[PDB]
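Read through the structure below, which is laid out as structure tokens, and then see the notes.
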Amino acid sequence: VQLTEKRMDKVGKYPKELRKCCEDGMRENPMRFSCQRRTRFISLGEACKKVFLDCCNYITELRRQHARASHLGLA
């Protein structure tokens with residue numbers, strides 16, 4: 063989808079040493095965990111967690127918007 067496009071550009075906005083944190087935050091969520099919950103045991107600093115959390119909340123909203131658009135036959 064064009065969400066891949068929105069993700070690629072989302073990752074690029076961060077310093078290179080924090081990009082993987084953003085990528086991991088935007089992975090699929092089959093266990094239906096909250097973004098906060100998904101940070102609890104990776105336990106990597108204040109920087110990586112914060113980036114993980116932002117990108118997670120970012121992609122989560124995008125997924126819902128895409129789901130609504132698909133449901134309404136707009137996308």
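Numbering-wise (this note's numbering), the sequence shown opens with residue 63 and increments by one. Here a beta-carbon is modelled for each residue, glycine too, at the ideal position from N, C-alpha and C.
- A direct Cα-to-Cα measurement between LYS78 and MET70 gives close to 13 Å.
- Annotation for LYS78: no alpha helix (DSSP H) segment contains it, and DSSP assigns it neither H nor E.
- DSSP, read as helix, strand or coil, puts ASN91 in coil.
- In this structure, DSSP gives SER105 a state outside helix and strand, which the three-state scheme calls coil.
- Looking from the CA of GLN64, the closest CA among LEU134, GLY74, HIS128 belongs to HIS128.
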